[PDB]
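Only one structure is covered here, and it is reproduced in the block below.
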Amino acid sequence: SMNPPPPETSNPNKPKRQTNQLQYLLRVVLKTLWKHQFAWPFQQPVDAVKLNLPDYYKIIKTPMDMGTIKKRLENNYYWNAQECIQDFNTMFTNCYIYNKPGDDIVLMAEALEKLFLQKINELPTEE
Ligand SMILES: COc1ccc(S(=O)(=O)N2CC3(COC3)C2)cc1NC(=O)c1[nH]c(C)c2c1CCCCC2=O
């Protein structure tokens with residue numbers, strides 16, 4: 001079984017803007033997780049072909065990863081901070097759906113999610 005196409009990161013019909021909240025999401029939130037010791041399983045879509053995980057996309061129907069989130073921010077794909085936060089939440093949820101307590105990746109996700117929450121709770125004020 002093939003990988004699905006990765007999530008879209010551009011759209012010519014979608015309006016675009018820069019905001020302080022989006023700056024914070026890319027340059028503080030994403031950056032903090034991206035450089036973390038545990039980032040590497042989350043830096044790109046799960047390649048179920050190279051990893052030989054044919055059941056991954058049978059279970060995970062809304063895939064998301066930090067490489068996609070990064071590209072979305074860098075391409076100005078998000079208008080609202082809420083959209084970006086939703087994608088981070090989806091990434092973590094998928095990890096907890098597919099993997100079990102005691103799996104190394106679950107403790108990696110929990111550490112990253114704790115840092116995500118600490119950073120998102122300091123999101124700057126809206127315009
Ligand atoms: C053995 O699992 C790897 C081994 C080496 C590397 S890797 O980063 O060295 N690498 C990318 C390639 C080129 O095609 C594979 C080599 C990643 C992984 N698994 C990941 O990322 C992962 N991320 C999530 C979010 C997952 C996984 C796979 C484990 C279970 C499913 C899952 O929830």
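Chains: A, B, ... in order of the structure tokens. Residues: from 1 per chain. Ligands: from 1, in order shown.
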
All residues 12 Å or closer to residue 21 in chain A, only C-alpha atoms, same chain fewer than 3 positions away omitted, as an NGL selection string: :A and (17-18 or 24-29 or 73 or 78-85 or 119-127)

Output the selection as a PDB file, in the first residue's frame - C-alpha atoms for each residue.
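Output contents, as saved in part32.pdb:
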```
ATOM      1  CA  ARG A  17      -1.881  37.576   6.005  1.00  0.00           C
ATOM      2  CA  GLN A  18       0.924  38.046   8.498  1.00  0.00           C
ATOM      3  CA  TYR A  24       4.898  33.351  17.279  1.00  0.00           C
ATOM      4  CA  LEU A  25       3.595  30.017  15.983  1.00  0.00           C
ATOM      5  CA  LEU A  26       6.418  29.669  13.442  1.00  0.00           C
ATOM      6  CA  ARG A  27       9.342  31.311  15.206  1.00  0.00           C
ATOM      7  CA  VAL A  28       8.642  30.306  18.823  1.00  0.00           C
ATOM      8  CA  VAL A  29       6.229  27.344  18.996  1.00  0.00           C
ATOM      9  CA  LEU A  73       3.417  28.590   8.099  1.00  0.00           C
ATOM     10  CA  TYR A  78      -2.865  29.700   7.873  1.00  0.00           C
ATOM     11  CA  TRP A  79      -5.018  32.788   8.400  1.00  0.00           C
ATOM     12  CA  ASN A  80      -5.990  32.022  12.020  1.00  0.00           C
ATOM     13  CA  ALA A  81      -3.729  30.800  14.806  1.00  0.00           C
ATOM     14  CA  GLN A  82      -6.541  28.314  15.583  1.00  0.00           C
ATOM     15  CA  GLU A  83      -5.891  26.538  12.276  1.00  0.00           C
ATOM     16  CA  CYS A  84      -2.244  25.922  13.135  1.00  0.00           C
ATOM     17  CA  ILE A  85      -3.024  24.860  16.704  1.00  0.00           C
ATOM     18  CA  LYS A 119       4.416  27.839  24.480  1.00  0.00           C
ATOM     19  CA  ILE A 120       0.832  28.114  23.203  1.00  0.00           C
ATOM     20  CA  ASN A 121      -0.289  29.361  26.621  1.00  0.00           C
ATOM     21  CA  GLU A 122       1.906  32.425  25.951  1.00  0.00           C
ATOM     22  CA  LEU A 123       0.414  33.150  22.513  1.00  0.00           C
ATOM     23  CA  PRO A 124       0.478  36.967  22.170  1.00  0.00           C
ATOM     24  CA  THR A 125      -2.676  39.045  22.059  1.00  0.00           C
ATOM     25  CA  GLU A 126      -4.799  39.159  18.904  1.00  0.00           C
ATOM     26  CA  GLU A 127      -4.985  42.176  16.611  1.00  0.00           C
TER      27      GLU A 127
END
```

Could you tell me, counting only C-alpha atoms and all ligand atoms, which protein and nucleic acid residues lie no more than 7 Å from ligand 1, written as a ChimeraX atom specification? /A:40-42,46-47,50-51,56,94-95,98-99,105

DSSP on the backbone: what in chain A comes out alpha helix (DSSP H), as a compact mmCIF listing (two decimals) with N, CA, C and O atoms, in the first residue's frame?
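Produced file states.txt, reproduced below:
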```
# COMPACT_ATOMS: atom_id res chain seq x y z
N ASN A 20 1.08 38.77 14.37
CA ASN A 20 2.02 38.44 15.43
C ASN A 20 1.79 37.02 15.95
O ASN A 20 2.75 36.32 16.31
N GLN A 21 0.54 36.57 16.00
CA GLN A 21 0.29 35.20 16.44
C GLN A 21 0.90 34.18 15.49
O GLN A 21 1.44 33.16 15.93
N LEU A 22 0.84 34.44 14.17
CA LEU A 22 1.47 33.51 13.24
C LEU A 22 2.99 33.57 13.34
O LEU A 22 3.66 32.54 13.26
N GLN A 23 3.55 34.76 13.55
CA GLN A 23 4.99 34.86 13.80
C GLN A 23 5.39 34.01 15.00
O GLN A 23 6.39 33.28 14.97
N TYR A 24 4.62 34.13 16.08
CA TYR A 24 4.90 33.35 17.28
C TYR A 24 4.78 31.85 17.00
O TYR A 24 5.61 31.06 17.47
N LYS A 31 9.46 26.35 16.21
CA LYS A 31 10.91 26.31 16.36
C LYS A 31 11.32 25.55 17.61
O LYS A 31 12.29 24.77 17.58
N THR A 32 10.61 25.75 18.72
CA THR A 32 10.99 25.09 19.97
C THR A 32 10.85 23.58 19.85
O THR A 32 11.71 22.83 20.32
N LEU A 33 9.79 23.10 19.21
CA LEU A 33 9.60 21.67 19.05
C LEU A 33 10.52 21.11 17.96
O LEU A 33 11.04 20.00 18.10
N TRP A 34 10.75 21.88 16.90
CA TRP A 34 11.55 21.42 15.78
C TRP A 34 12.97 21.08 16.20
O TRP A 34 13.56 20.10 15.71
N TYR A 56 -0.85 1.90 8.98
CA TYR A 56 -0.86 3.24 9.54
C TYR A 56 -2.00 4.09 8.97
O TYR A 56 -2.77 4.70 9.72
N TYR A 57 -2.12 4.14 7.65
CA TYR A 57 -3.15 4.96 7.02
C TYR A 57 -4.48 4.23 6.89
O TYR A 57 -5.45 4.82 6.38
N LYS A 58 -4.56 2.99 7.37
CA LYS A 58 -5.86 2.39 7.65
C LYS A 58 -6.44 2.92 8.95
O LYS A 58 -7.67 2.98 9.10
N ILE A 59 -5.58 3.28 9.89
CA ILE A 59 -6.01 3.77 11.20
C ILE A 59 -6.05 5.29 11.24
O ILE A 59 -6.97 5.88 11.83
N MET A 66 4.92 17.90 11.79
CA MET A 66 5.49 19.23 11.93
C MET A 66 6.14 19.73 10.66
O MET A 66 6.25 20.94 10.49
N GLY A 67 6.61 18.84 9.78
CA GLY A 67 7.11 19.31 8.49
C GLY A 67 6.02 20.00 7.69
O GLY A 67 6.24 21.06 7.09
N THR A 68 4.83 19.40 7.66
CA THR A 68 3.69 20.03 7.00
C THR A 68 3.32 21.34 7.68
O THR A 68 3.05 22.34 7.01
N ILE A 69 3.29 21.36 9.01
CA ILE A 69 2.92 22.58 9.73
C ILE A 69 3.92 23.69 9.41
O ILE A 69 3.54 24.84 9.14
N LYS A 70 5.22 23.36 9.46
CA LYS A 70 6.27 24.32 9.12
C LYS A 70 6.08 24.88 7.72
O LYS A 70 6.14 26.11 7.52
N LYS A 71 5.85 24.01 6.74
CA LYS A 71 5.66 24.47 5.36
C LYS A 71 4.41 25.31 5.24
O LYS A 71 4.39 26.31 4.50
N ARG A 72 3.35 24.94 5.95
CA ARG A 72 2.13 25.74 5.93
C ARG A 72 2.39 27.14 6.46
O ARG A 72 1.97 28.13 5.86
N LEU A 73 3.10 27.25 7.59
CA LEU A 73 3.42 28.59 8.10
C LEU A 73 4.31 29.35 7.13
O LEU A 73 4.08 30.54 6.86
N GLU A 74 5.31 28.68 6.56
CA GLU A 74 6.25 29.35 5.67
C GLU A 74 5.59 29.77 4.36
O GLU A 74 6.08 30.71 3.71
N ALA A 81 -4.55 31.64 13.94
CA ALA A 81 -3.73 30.80 14.81
C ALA A 81 -4.42 29.48 15.12
O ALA A 81 -3.76 28.43 15.20
N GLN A 82 -5.74 29.50 15.28
CA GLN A 82 -6.54 28.31 15.58
C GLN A 82 -6.29 27.19 14.58
O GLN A 82 -6.30 26.00 14.92
N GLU A 83 -6.12 27.55 13.30
CA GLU A 83 -5.89 26.54 12.28
C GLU A 83 -4.59 25.79 12.52
O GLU A 83 -4.52 24.56 12.37
N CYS A 84 -3.54 26.53 12.86
CA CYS A 84 -2.24 25.92 13.14
C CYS A 84 -2.28 25.08 14.40
O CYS A 84 -1.75 23.96 14.43
N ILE A 85 -2.91 25.60 15.45
CA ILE A 85 -3.02 24.86 16.70
C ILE A 85 -3.79 23.56 16.48
O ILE A 85 -3.42 22.50 17.01
N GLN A 86 -4.83 23.60 15.64
CA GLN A 86 -5.57 22.39 15.32
C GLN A 86 -4.66 21.34 14.69
O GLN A 86 -4.74 20.15 15.02
N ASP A 87 -3.77 21.77 13.79
CA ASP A 87 -2.88 20.81 13.14
C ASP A 87 -1.91 20.18 14.14
O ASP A 87 -1.69 18.96 14.09
N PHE A 88 -1.35 20.97 15.06
CA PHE A 88 -0.52 20.38 16.11
C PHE A 88 -1.33 19.37 16.91
O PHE A 88 -0.86 18.26 17.18
N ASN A 89 -2.56 19.74 17.29
CA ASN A 89 -3.39 18.83 18.08
C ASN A 89 -3.64 17.53 17.33
O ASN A 89 -3.57 16.44 17.90
N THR A 90 -3.90 17.62 16.03
CA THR A 90 -4.12 16.43 15.23
C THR A 90 -2.89 15.53 15.21
O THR A 90 -3.00 14.30 15.34
N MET A 91 -1.71 16.12 15.00
CA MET A 91 -0.47 15.35 15.03
C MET A 91 -0.34 14.55 16.31
O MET A 91 -0.03 13.35 16.29
N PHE A 92 -0.56 15.19 17.46
CA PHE A 92 -0.42 14.48 18.72
C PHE A 92 -1.48 13.41 18.88
O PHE A 92 -1.18 12.28 19.31
N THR A 93 -2.73 13.73 18.53
CA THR A 93 -3.82 12.77 18.64
C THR A 93 -3.52 11.50 17.84
O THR A 93 -3.70 10.38 18.34
N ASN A 94 -3.00 11.66 16.62
CA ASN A 94 -2.70 10.48 15.80
C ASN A 94 -1.70 9.58 16.50
O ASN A 94 -1.83 8.35 16.46
N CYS A 95 -0.69 10.19 17.13
CA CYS A 95 0.34 9.41 17.80
C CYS A 95 -0.27 8.59 18.93
O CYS A 95 0.07 7.41 19.09
N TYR A 96 -1.18 9.19 19.69
CA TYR A 96 -1.81 8.48 20.80
C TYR A 96 -2.85 7.47 20.33
O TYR A 96 -3.20 6.57 21.10
N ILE A 97 -3.38 7.61 19.11
CA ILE A 97 -4.29 6.60 18.57
C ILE A 97 -3.53 5.36 18.14
O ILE A 97 -3.93 4.22 18.44
N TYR A 98 -2.42 5.55 17.42
CA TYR A 98 -1.73 4.43 16.80
C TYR A 98 -0.83 3.67 17.77
O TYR A 98 -0.66 2.45 17.63
N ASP A 104 8.13 4.07 23.17
CA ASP A 104 9.01 5.23 23.24
C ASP A 104 8.37 6.45 22.59
O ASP A 104 8.43 7.56 23.13
N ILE A 105 7.72 6.28 21.43
CA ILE A 105 7.19 7.45 20.73
C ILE A 105 6.09 8.14 21.53
O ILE A 105 5.89 9.35 21.39
N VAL A 106 5.38 7.41 22.40
CA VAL A 106 4.34 8.06 23.19
C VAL A 106 4.96 9.00 24.22
O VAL A 106 4.45 10.11 24.45
N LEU A 107 6.06 8.58 24.85
CA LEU A 107 6.70 9.48 25.79
C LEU A 107 7.36 10.66 25.07
O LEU A 107 7.42 11.76 25.64
N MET A 108 7.84 10.44 23.84
CA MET A 108 8.35 11.55 23.04
C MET A 108 7.25 12.55 22.73
O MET A 108 7.42 13.76 22.91
N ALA A 109 6.09 12.05 22.29
CA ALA A 109 4.96 12.92 22.00
C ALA A 109 4.52 13.69 23.24
O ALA A 109 4.23 14.89 23.17
N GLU A 110 4.45 13.01 24.39
CA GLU A 110 4.02 13.68 25.62
C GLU A 110 4.97 14.81 26.00
O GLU A 110 4.53 15.89 26.41
N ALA A 111 6.28 14.57 25.89
CA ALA A 111 7.25 15.62 26.17
C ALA A 111 7.08 16.80 25.21
O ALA A 111 7.08 17.96 25.64
N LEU A 112 6.92 16.51 23.92
CA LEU A 112 6.71 17.58 22.95
C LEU A 112 5.40 18.31 23.18
O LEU A 112 5.33 19.53 23.03
N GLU A 113 4.34 17.57 23.54
CA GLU A 113 3.05 18.22 23.76
C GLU A 113 3.09 19.11 25.00
O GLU A 113 2.49 20.19 25.01
N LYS A 114 3.81 18.68 26.04
CA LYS A 114 3.97 19.54 27.21
C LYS A 114 4.61 20.86 26.83
O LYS A 114 4.14 21.93 27.22
N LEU A 115 5.68 20.81 26.02
CA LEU A 115 6.33 22.03 25.57
C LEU A 115 5.41 22.85 24.66
O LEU A 115 5.39 24.08 24.74
N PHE A 116 4.69 22.18 23.76
CA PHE A 116 3.70 22.88 22.94
C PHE A 116 2.71 23.65 23.80
O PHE A 116 2.43 24.83 23.55
N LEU A 117 2.19 23.00 24.85
CA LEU A 117 1.20 23.67 25.69
C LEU A 117 1.81 24.86 26.42
O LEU A 117 1.19 25.91 26.56
N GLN A 118 3.04 24.70 26.91
CA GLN A 118 3.70 25.80 27.61
C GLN A 118 3.87 27.00 26.69
O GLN A 118 3.66 28.14 27.10
N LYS A 119 4.22 26.75 25.43
CA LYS A 119 4.42 27.84 24.48
C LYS A 119 3.09 28.43 24.01
O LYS A 119 2.95 29.65 23.92
N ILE A 120 2.09 27.59 23.71
CA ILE A 120 0.83 28.11 23.20
C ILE A 120 0.10 28.91 24.27
O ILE A 120 -0.70 29.80 23.96
```

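Interatomic distance, CA of residue 38 in chain A to CA of residue 100 in chain A: 17.2 Å.
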
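Taking CA of residue 62 in chain A and CA of residue 7 in chain A as the two end points, the separation is 9.0 Å.
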
Go ahead and compute the interatomic distance for CA of residue 2 in chain A and CA of residue 14 in chain A, in Å to one decimal. 28.9 Å
